[PDB]
Amino acid sequence: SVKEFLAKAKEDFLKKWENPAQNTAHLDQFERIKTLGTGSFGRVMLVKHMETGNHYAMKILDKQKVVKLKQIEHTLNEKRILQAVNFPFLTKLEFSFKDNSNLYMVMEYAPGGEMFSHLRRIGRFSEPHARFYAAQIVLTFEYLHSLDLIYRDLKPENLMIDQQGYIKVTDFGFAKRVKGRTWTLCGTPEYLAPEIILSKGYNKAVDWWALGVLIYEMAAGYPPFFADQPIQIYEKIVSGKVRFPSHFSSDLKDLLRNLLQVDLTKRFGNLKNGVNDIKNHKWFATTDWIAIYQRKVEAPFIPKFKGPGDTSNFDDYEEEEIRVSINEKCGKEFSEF
Amino acid sequence: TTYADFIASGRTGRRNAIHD
Ligand SMILES: Clc1ccc(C2(c3ccc(-c4ncnc5[nH]cnc45)cc3)CCNCC2)cc1
């Protein structure tokens with residue numbers, strides 16, 4: 001059963017969590033092919049592992065930039081968590097290592113590109129299309145939350161599509177293993193739960209709020225709360241008012257009212273019944289949860305796949321050197337990495 | 001339309017995370 005699967009999953013996770021894998025490859029074991037996208041203290045590249053000819057996504061973080069942005073502990077979280085998890089809709093680390101200048105995390109490559117790109121281009125997804133993706137997020141969060149992990153950055157930008165049209169939740173920069181409340185102000189403005197904005201201690205309920213935002217955005221083509229400046233967005237989020245497009249089904253609107261619920265005693269996912277309030281909602285009535293986990297459902301969108309190492313579903317970014325200083329930077333800060 | 005207001009806004013591209 002679910003409870004049995006999750007218990008065994010936790011036993012597997014805890015062993016790796018308590019004894020993390022370290023220094024399991026080196027940069028010269030890979031050929032760098034192309035930049036798939038960038039962040040403030042790093043980038044993700046398509047690389048080929050020369051030993052096997054396997055293609056991977058390689059996240060390269062500049063240690064000095066991580067330090068400057070005060071993301072040391074969050075980065076240690078990311079690596080420690082991703083080396084320890086294993087789930088169909090996440091990319092665990094296949095390898096990790098560091099050198100004088102950088103931190104490296106190597107993960108399965110998803111060639112379908114970002115959900116963001118497809119969503120913006122197509123405009124919006126149909127409810128069945130949005131439900132297919134939402135189901136995979138619901139199961140991922142059930143998995144993560146059972147391990148006491150909060151994800152804290154759900155958005156289309158972080159959801160990659162694989163060759164079969166299924167999704168991978170990527171970028172665990174703000175993921176954290178916490179049993180109680182936590183306080184860090186982090187996430188993306190449009191996706192922040194009101195608890196975060198109002199500087200309360202918060203818990204995994206923020207991920208279920210974020211799911212409400214994602215489902216809304218996928219179905220409408222725009223998010224429930226937007227403006228030109230974040231402060232205007234925060235005002236809208238706290239106010240306790242959302243409007244649904246006329247094409248939203250009755251079922252969809254009701255699910256969203258229960259996900260985008262400022263009252264934590266009423267928010268779906270955070271009640272006595274837990275995730276099953278979501279799984280057994282009418283909007284998910286046609287969802288076969290086991291078939292989705294097993295990846296037996298036919299995807300409503302399958303991406304263009306011209307071959308191995310194809311990058312056509314990603315945008316182009318200016319390619320820059322991976323420079324490795326002759327002096328070790330930030331040795332003590334990232335010793336456990 | 002709300003669609004038109006969205007597309008004319010400055011938040012249709014990839015959105016950056018915030019942090020303290
Ligand atoms: Cl430091 C950094 C660099 C790039 C990213 C983004 C990113 C790009 C590509 C991938 C990625 N693409 C393909 N296959 C992957 N497996 C694991 N991550 C993958 C993940 C995150 C996040 C989502 N928007 C685009 C940039 C996040 C953080």
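In what follows, chains carry the letters A, B, and so on, assigned in the order in which the sequence lines appear, proteins first and then strands, with residues in each chain numbered from 1. Scope of the values below: all heavy atoms of this structure, side chains included, with no hydrogens, waters or symmetry mates.
Contact annotation: the side chain of A:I72 approaches that of A:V67 to within less than 4.5 Å [non-hydrogen atoms, C-beta and beyond]. Between A:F248 and A:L256 the shortest side-chain heavy-atom distance falls below 4.5 Å.
A salt bridge between A:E157 and B:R15 is present, with a side-chain N of the basic residue lying under 4.0 Å from a carboxylate O of the acidic one.
When heavy atoms are compared at a cutoff of 4.5 Å, A:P245 does not approach chain B at all. Only the side chain of A:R243 comes within contact range of chain B, judged by heavy atoms closer than 4.5 Å. Residue B:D20 touches chain A through both its backbone and its side chain, counting heavy-atom pairs closer than 4.5 Å. Within the 4.5 angstrom heavy-atom criterion, no atom of A:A220 approaches chain B. Using a 4.5 Å cut-off between heavy atoms, A:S40 makes no contact with chain B at all. In this structure, the portions of A:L69 lying under 4.5 Å from any heavy atom of chain B include both its backbone and its side chain.
Chosen from A:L185, A:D228, A:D171, A:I233, the residue pairing most often with chain B at heavy-atom distances under 4.5 Å is A:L185. Contact tally against chain B (heavy-atom pairs below 4.5 Å) for A:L192, A:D315, A:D153: the top residue is A:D315. Annotation: maximal heavy-atom pairing with chain B below 4.5 Å, among A:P156, A:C186, A:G37, occurs at A:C186. For the set A:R120, A:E114, A:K70, the entry with the most heavy-atom pairs within less than 4.5 Å of chain B is A:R120. If you tally non-hydrogen atom pairs under 4.5 Å between each of A:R124, A:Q229, A:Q71, A:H74 and chain B, the highest count goes to A:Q71.
For the pair A:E78 (side chain) and A:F172 (backbone), a donor-acceptor distance under 3.5 Å is present. Judged by distance alone, with hydrogens and angles left aside, the side-chain atoms of A:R177 form no donor-acceptor pair with the main-chain N or O of A:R80 at under 3.5 Å.
Relative to the six-membered ring of A:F337, A:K79 meets both conditions, a distance below 6.0 Å and an angle of at most 45° to the axis. Geometrically, A:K155 does not engage A:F116 in a cation-pi contact, judged by NZ or CZ lying under 6.0 Å from the ring centre and within 45° of the ring axis.
Rounding to the nearest 0.5 Å places OG1 of A:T35 at 7.5 Å from CD1 of A:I60.
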